[PDB]
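Colleague: Please read through the structure below; I'll follow up with questions.
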Amino acid sequence: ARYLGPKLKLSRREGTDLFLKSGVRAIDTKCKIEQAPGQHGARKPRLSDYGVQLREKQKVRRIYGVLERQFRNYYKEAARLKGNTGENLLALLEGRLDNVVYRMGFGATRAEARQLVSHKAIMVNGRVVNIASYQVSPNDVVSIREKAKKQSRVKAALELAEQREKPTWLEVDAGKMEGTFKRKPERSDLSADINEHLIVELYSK
Amino acid sequence: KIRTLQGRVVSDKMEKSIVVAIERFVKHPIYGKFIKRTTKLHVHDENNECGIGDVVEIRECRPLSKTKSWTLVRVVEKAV
Amino acid sequence: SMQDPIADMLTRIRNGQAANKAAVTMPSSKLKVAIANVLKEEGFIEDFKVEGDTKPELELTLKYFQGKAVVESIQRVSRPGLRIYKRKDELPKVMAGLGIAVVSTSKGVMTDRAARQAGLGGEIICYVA
Amino acid sequence: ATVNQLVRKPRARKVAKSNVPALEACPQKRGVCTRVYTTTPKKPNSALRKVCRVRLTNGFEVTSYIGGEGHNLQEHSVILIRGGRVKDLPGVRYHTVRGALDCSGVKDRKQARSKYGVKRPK
Amino acid sequence: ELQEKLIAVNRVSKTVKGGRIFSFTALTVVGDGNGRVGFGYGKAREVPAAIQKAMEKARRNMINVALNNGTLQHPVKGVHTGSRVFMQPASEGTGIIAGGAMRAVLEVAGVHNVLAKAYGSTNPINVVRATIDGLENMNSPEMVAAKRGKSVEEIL
RNA sequence: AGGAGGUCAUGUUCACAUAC
RNA sequence: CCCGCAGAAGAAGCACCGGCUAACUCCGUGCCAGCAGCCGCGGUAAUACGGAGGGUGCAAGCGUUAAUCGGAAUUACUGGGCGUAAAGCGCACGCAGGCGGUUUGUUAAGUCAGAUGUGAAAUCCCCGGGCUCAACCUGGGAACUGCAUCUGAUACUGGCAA
RNA sequence: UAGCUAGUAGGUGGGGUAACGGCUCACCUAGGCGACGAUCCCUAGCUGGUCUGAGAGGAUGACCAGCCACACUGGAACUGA
Ligand SMILES: [Mg+2]
Ligand SMILES: [Mg+2]
Ligand SMILES: [Mg+2]
Ligand SMILES: [Mg+2]
Ligand SMILES: [Mg+2]
Ligand SMILES: [Mg+2]
Ligand SMILES: [Mg+2]
Ligand SMILES: [Mg+2]
Ligand SMILES: [Mg+2]
Ligand SMILES: [Mg+2]
Ligand SMILES: [Mg+2]
Ligand SMILES: [Mg+2]
Ligand SMILES: [Mg+2]
Ligand SMILES: [Mg+2]
Ligand SMILES: [Mg+2]
Ligand SMILES: [Mg+2]
Ligand SMILES: [Mg+2]
Ligand SMILES: [Mg+2]
Ligand SMILES: [Mg+2]
Ligand SMILES: [Mg+2]
Ligand SMILES: [Mg+2]
Ligand SMILES: [Mg+2]
Ligand SMILES: [Mg+2]
Ligand SMILES: [Mg+2]
Ligand SMILES: [Mg+2]
Ligand SMILES: [Mg+2]
Ligand SMILES: [Mg+2]
Ligand SMILES: [Mg+2]
Ligand SMILES: [Mg+2]
Ligand SMILES: [Mg+2]
Ligand SMILES: [Mg+2]
Ligand SMILES: [Mg+2]
């Protein structure tokens, strides 16, 4: 299932950062974040409108670590929900449990957050949840288990997320390592660099 | 009150029996044009009092023949 | 043979608006009179007036706004060859409620919005956008 | 045209003939090869196209193409054929599924092997 | 701050006594994103000259479109020579669902939610012309209420 | 300005490039 | 289902890279071998054949074939045309059939409104619940555009009278 | 595929069926269906539904459910609600 190849190759193809690495070190220091991967990565050819739509879809997919047939299901659910389909889609993607546990600081990257979720270390509403793609609910409590609360990487990732920005729609008590998911975030609260209408007008082909 | 159908006689050549026409106005399914379909019925006439071209009110009864299951209620507009 | 006087009236209005005539005339009838009354109430025409007794003539004064005619598009819906009847739940909107649609209901001839407010549909006559 | 005319003569759909008739709406058919040989393509092309005259199980006798580099087919070699034509070759409208009952996989392929029935190289 | 984008670059011939004389023709559409849009054809012997000429001819010859928050006011049917274009005011957040030329025209005009379909022919020149004509022949509640001599709240 | 009179059969086949 | 043990330890492939269509260079070959869904490519520098490196798309799947719908407004009721692109009978008369100038009544057949019965459950949709999530199961609704009956309205069509 | 149909269409009476009925029989009448497609030929189980489709529509009738038909082929009855 999950993608297991080189990470920064994806960011190089997308041109920009995708937060695939911890962030302790600058991405340009880590690799050439400008040149596209491959032998012919130097020159840049024009990409058509189909190219840019596919590139936005793959950008979002590779940000959140979601494969295609799961992403299409997310799109269908977003289109079925009342309201704005793009905002619904981004709400679902942000509501993924692994994304939540990465946002609140219990993990360096989304991959590490996914491993923490899958190795029975996280727990919503006092029950151990093993599903990476679990859909959290408003006003729910996400904590880490008492057994795994002693790991070092949890502390390290907490410190890493401290100096990043703080998502305002989920309150995190790092003292006892728990969090409360306040409400579904808004497109204002999400990243403006994520062009959005392209995905919907691509799937509506 | 009983369910009745008004129609026009087509032929009364056979004995103790008449034939009616029940032309109705049913909208076409696909196109919407109001066609004028016609259904022929065999109706049981007693005393053979009916004649072609006469408006007839008929009612549905128990079968009385291989093809006859309607009886006459009252003739009207006997005009020739 | 003249088999649709309502369509003829709509055609007269459309051609007059295209040809920049100030007024149009036609042989009147109590249904064209009602349609013209609806049009005047909705402001698509300036004023209507009948004249004569034996063979009455209806006369309409078309309305212009800034040299361009007010009546952009107007057409007949329920042609004699194919009648149209819509219930209360399908009274169609013209230009998303900007234009009107003349509907003959069991309570006279009225605009589609008025018919929908009254809660009864009927025959359609024309889309006036 | 008019609704009144359509009522009398409704729209008579355009029934479509299948491009692959001798398959009887089946993905593939087994056939015994009667004659393997080569032909020449139409005017723009120039080559020696390898074809075979297959007798299917429904009595249909058709002409099939043999894709890839070389083969091991002669008379009485039971093969499996699938649809698809070869254009610059007037009669052929079927491809032998290479890597099947008797069609040995074309030797020494490295990419697009699945289309030619070649096992994974070690 | 006029956004601008080319649609199609074509190659044409002239067949002079010496031989063929190839030349290129562009087609570009510019717009502000808030109603003002325009298109320019442009035609030269090289692609850069063609696109520059089309952009210059497209900055001039711009029309004004009465818009409703990045959406059309009412369904419209534009027609030019071989192309008939149908446009419809879709709800918010649905994106620009449109064909080839219409996509560029709307994306630079400022429309953001619209359903579209290009019947007839699909030649880019005629499609662009028909889309701009159709958008031009669109009314807003204000202008239609002024024309009919009634209040907007009466028209609703 | 109006209207009139008075030689020549045929031609292997396929190749022909520029697209910011 | 929960707990405990050891150890990254037992677990990634398939198609494509000329345009359509996201993704390019070298070598082999020389109208041959071959490829191909359409346009085509190959005759000595091939981004189109075969191999390699690189990349793109899907992922325990990936491709090819068959079949239906869509795009196809290309059977056009919504939603086409007929001077020359396919298409106006050689021309008329006319029975069925389709359509019907204007006014007043009356009927209420079409038409519209309301009500009752029915339209099985399941399926589709909406709001919820339960399986760790999902697929799946389930509660309550909404729909099931229909049909029949009853009571109304008279604008329009129809019937009858003038 | 243009005309098809003599128990055929209808009436009186006898018989028969749990029941109405040419269901059957005798007699009488000459009707009946058909361009709104009768008769004949080819194909096919039907519906709720499934797929596709913006929709109208098009295709389809596997699994689940309702109905019909059949039980090697062609007949026939007994028992029994
Ligand atoms: Mg899977
Ligand atoms: Mg019977
Ligand atoms: Mg076309
Ligand atoms: Mg010669
Ligand atoms: Mg010679
Ligand atoms: Mg490309
Ligand atoms: Mg290939
Ligand atoms: Mg070479
Ligand atoms: Mg290759
Ligand atoms: Mg169609
Ligand atoms: Mg056409
Ligand atoms: Mg000709
Ligand atoms: Mg012609
Ligand atoms: Mg003629
Ligand atoms: Mg005549
Ligand atoms: Mg009249
Ligand atoms: Mg009449
Ligand atoms: Mg009524
Ligand atoms: Mg139900
Ligand atoms: Mg739940
Ligand atoms: Mg339910
Ligand atoms: Mg009346
Ligand atoms: Mg009347
Ligand atoms: Mg008897
Ligand atoms: Mg008896
Ligand atoms: Mg059968
Ligand atoms: Mg469609
Ligand atoms: Mg069927
Ligand atoms: Mg079965
Ligand atoms: Mg057997
Ligand atoms: Mg038997
Ligand atoms: Mg018994």
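What is reported rests on the model, the rules as stated and the sources as named; these are not laboratory values. All Cβ positions, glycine included, derive from the backbone under ideal geometry; neighbour counts span all protein chains shown.
Colleague: Test A:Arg127 against the criterion of being among the charged types (D, E, K, R) and either touching a residue at least 60 places away in the same chain (Cβ under 8 Å) or not assigned by CATH to the domain that holds A:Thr168 (or both), and give yes or no.
Modeller: No: the conditions fail for A:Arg127.
Colleague: Can you tell me how many residues within the stretch C:25-34 are closer than 17 Å to C:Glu123 by Cβ and either assigned by CATH to the domain that holds C:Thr105 or buried (at least 20 other Cβ atoms within 10 Å of the Cβ) (or both)?
Modeller: Residues meeting the conditions: 1.
Colleague: Sticking with this structure for a sec: Please work out if D:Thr63 is surrounded by 12 or more Cβ atoms within 10 Å (Cβ to Cβ), more than 16 Å from ligand 6 (Cβ to nearest atom) and β-branched (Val, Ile, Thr).
Modeller: Here the answer is yes, as D:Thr63 does meet what is asked.
Colleague: Go through the stretch A:104-124 and count every residue that is in contact (Cβ under 8 Å) with a residue 60 or more places away in the chain and either in contact with a strand residue (DSSP E or B) (Cβ under 8 Å, 6 or more places away or on another chain) or basic (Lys, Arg) (or both).
Modeller: Qualifying residue count for the region: 5.
Colleague: Could you figure out which of (1) under 26 Å from C:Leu62 (Cα atoms); (2) within 16 Å of RNA strand F (Cβ to nearest atom) isn't true of E:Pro124?
Modeller: Going through the list (1) under 26 Å from C:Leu62 (Cα atoms); (2) within 16 Å of RNA strand F (Cβ to nearest atom), E:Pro124 breaks only (1).
Colleague: Out of A:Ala79, A:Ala36, A:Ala108, report the one residue that is more than 16 Å from RNA strand F (Cβ to nearest atom), closer than 30 Å to E:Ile7 by Cβ and either in a loop (DSSP other than H, G, I, E, B) or in contact with a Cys (Cβ under 9 Å, 6 or more places away or on another chain) (or both).
Modeller: From the options A:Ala79, A:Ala36, A:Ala108, the qualifying one is A:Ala36.
Colleague: Give me the residue from the stretch A:29-50 that is within 14 Å of chain E (Cβ to nearest Cβ) and exposed (fewer than 10 other Cβ atoms within 10 Å of the Cβ) and, out of that set, nearest to RNA strand G (Cβ to nearest atom).
Modeller: So, considering only residues that are within 14 Å of chain E (Cβ to nearest Cβ) and exposed (fewer than 10 other Cβ atoms within 10 Å of the Cβ), the one nearest to RNA strand G (Cβ to nearest atom) is A:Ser48.
Colleague: Also, quick follow-up: Tell me, please, whether a residue that is of a type in the set (A, V, I, L, M, F, W, C) and over 22 Å from the mean Cα position of the chain (by Cα) can be found in the stretch A:50-64.
Modeller: Scanning the stretch A:50-64 turns up no residue that is of a type in the set (A, V, I, L, M, F, W, C) and over 22 Å from the mean Cα position of the chain (by Cα).
Colleague: Something else now. For the stretch B:60-80: of the residues being surrounded by fewer than 15 Cβ atoms within 10 Å (Cβ to Cβ) and assigned to a strand (DSSP E or B), which is farthest from ligand 2 (Cβ to nearest atom)?
Modeller: B:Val76
Colleague: Quick one: which of D:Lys115, D:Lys43, D:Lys50, D:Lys17 is away from chain B (no Cβ under 14 Å) and assigned to a strand (DSSP E or B)?
Modeller: The match here is D:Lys50.
Colleague: Turning to a different aspect of this structure: Taking the condition of being within 14 Å of chain D (Cβ to nearest Cβ) and either of a type in the set (D, E, K, R) or more than 16 Å from RNA strand G (Cβ to nearest atom) (or both), how many residues in the stretch B:2-58 meet it?
Modeller: Within the stretch B:2-58, residues that are within 14 Å of chain D (Cβ to nearest Cβ) and either of a type in the set (D, E, K, R) or more than 16 Å from RNA strand G (Cβ to nearest atom) (or both) number 4.
Residues are listed down the side, and each one gets a yes or a no for (1) within 14 Å of E:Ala8 (Cα to Cα); (2) within 16 Å of ligand 2 (Cβ to nearest atom); (3) surrounded by fewer than 16 Cβ atoms within 10 Å (Cβ to Cβ):
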residue	(1), (2), (3)
E:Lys43	yes, no, no
E:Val47	yes, no, yes
E:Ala50	yes, no, no
E:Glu56	no, no, yes
E:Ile63	no, no, yes
E:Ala66	no, no, no
E:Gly70	no, no, no
E:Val79	no, no, no
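Colleague: If you don't mind, there's one more thing I want to ask. For A:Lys21, are the conditions met, namely being on the phi < 0 side of the Ramachandran plot, among the basic types (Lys, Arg) and either in a helix (DSSP H, G or I) or more than 16 Å from the chain's Cα centre (by Cα) (or both)?
Modeller: No.
Colleague: Those residues that are among the β-branched types (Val, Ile, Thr), free of Cβ contacts under 8 Å to residues at least 60 places away in the same chain and in a helix (DSSP H, G or I), I need them from the stretch C:1-35; list them, please.
Modeller: Within the stretch C:1-35, C:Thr11, C:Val33 qualify.
Colleague: Here is a follow-up. Quick check on my filter: what residues within the stretch C:71-94 are touching a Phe, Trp or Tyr at 6+ places or on another chain (Cβ under 9 Å) and within 14 Å of chain E (Cβ to nearest Cβ)?
Modeller: Here is the first cut: in the stretch C:71-94, the residues touching a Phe, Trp or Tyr at 6+ places or on another chain (Cβ under 9 Å) are C:71, C:73-78, C:82-83, C:92, C:94.
Matches in the stretch C:71-94: C:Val71, C:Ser73, C:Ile74, C:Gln75, C:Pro92, C:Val94.
Colleague: I would also like to ask the following. Anything in the stretch C:64-79 that is under 14 Å from the mean Cα position of the chain (by Cα) and not in a strand (DSSP E or B)? List them, or say none.
Modeller: C:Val70, C:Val71, C:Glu72, C:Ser73, C:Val77, C:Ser78
Colleague: Across the stretch A:51-93, what is the number of residues that are surrounded by fewer than 14 Cβ atoms within 10 Å (Cβ to Cβ), closer than 27 Å to A:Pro6 by Cα and within 11 Å of another protein chain (Cβ to nearest Cβ)?
Modeller: Final tally of qualifying residues: 0.
Colleague: Now for a separate question. Based on this model, can you work out whether E:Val76 counts as more than 16 Å from RNA strand H (Cβ to nearest atom) and hydrophobic (A, V, I, L, M, F, W, C)?
Modeller: no
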